[PDB]
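Shown here is one chain on its own, the form deposited in one PDB entry, set out as structure tokens.
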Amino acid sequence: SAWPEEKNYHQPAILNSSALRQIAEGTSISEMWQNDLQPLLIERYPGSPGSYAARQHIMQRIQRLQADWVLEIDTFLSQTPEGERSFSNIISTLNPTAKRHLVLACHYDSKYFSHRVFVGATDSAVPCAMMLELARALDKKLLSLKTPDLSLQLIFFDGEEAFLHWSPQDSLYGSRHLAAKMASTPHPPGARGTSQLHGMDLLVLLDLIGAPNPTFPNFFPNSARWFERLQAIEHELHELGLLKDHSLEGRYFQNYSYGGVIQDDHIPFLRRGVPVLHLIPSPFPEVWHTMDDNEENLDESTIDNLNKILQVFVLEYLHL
């Protein structure tokens, strides 16, 4: 039937001032930092001990929550410039059999560099922490989903980074795999025509977050009305005095276009028709692909602000 089009007419349920205050109070940037971010600041390129530890960390942090998250590990083999490697996407789903999910994603691998070590704080340890912080902060509300046909999913992609220099064949290992897999998988089971890709309302991909004064442009016409929601949320939170070290002149969400094409985990989803809201700034952080992409260079207030915005957005999307 026509359920794959419901995404196109889906509206937010907009939060009042007293609700926005409650969400602002319910996230803890220091707990994220201590409990979510710090354990991820390790070398975690595919097959390294760090990759296994990051993966166990993300799963433990998720399982400890009340909401009925279902984890799945999507593990596969691929040739690389270094020889064959194993890769493990982490998918964490509420209500797997619901036709529709809002999808938040990042990558949890770190790009390999020869020796100081590269731990890619903004790239993408912070995105990971933010997702885990969202799950934690919204737990009580997300628990209410264990009872339209729409829920939430988190994807932590492996193998986003090139091993050598970026090419079509050396990058996006995990996202190219999972997109192809979802494209061939009936959803709901027993349905004709419709895939798991049909079920993805919107893919919200966080990447390179945590540098000061980020500017996210409005990359895609087909997510522009959700981008406008992010601008609105930032604007109301500011006016309500719920953001820190934030100016309307220095706002994160700015309605301008972007000139090129960014390659990232959304690419295999976008080319098959999935709507993408790509929360990657332009320019990239100053420390991009640098040993200085580290904890010290992160802006805690900025990240805390983005947490508030993203959490409101997600509640508003899911009607919670």
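Note that residue numbering begins at 1 and tracks the sequence as displayed.
Heads up, the form deposited with a small molecule bound isn't pictured, but that's what we're talking about next.
- Contact annotation: of the candidates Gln263, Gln63, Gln34, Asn255, the single residue with a non-hydrogen atom within 4.5 angstroms of the small molecule in the deposited bound form is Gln263.
- Though the small molecule is absent from this view, in the deposited bound form it lies within 4.5 Å of a heavy atom of just one residue from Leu208, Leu104, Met182, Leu142, which is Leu208.
- Only one of 93-101, 200-208, 130-138, 236-244 places residue heavy atoms within 4.5 angstroms of the small molecule in the deposited bound form, namely 200-208.
- Contact annotation for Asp158: none of its heavy atoms lies within 4.5 Å of the small molecule in the deposited bound form.
- Looking at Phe284, you'd find a heavy atom of it within 4.5 angstroms of the small molecule in the deposited bound form.
- Although the partner is absent here, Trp288 is a contact residue: one of its heavy atoms lies within 4.5 angstroms of the small molecule in the deposited bound form.
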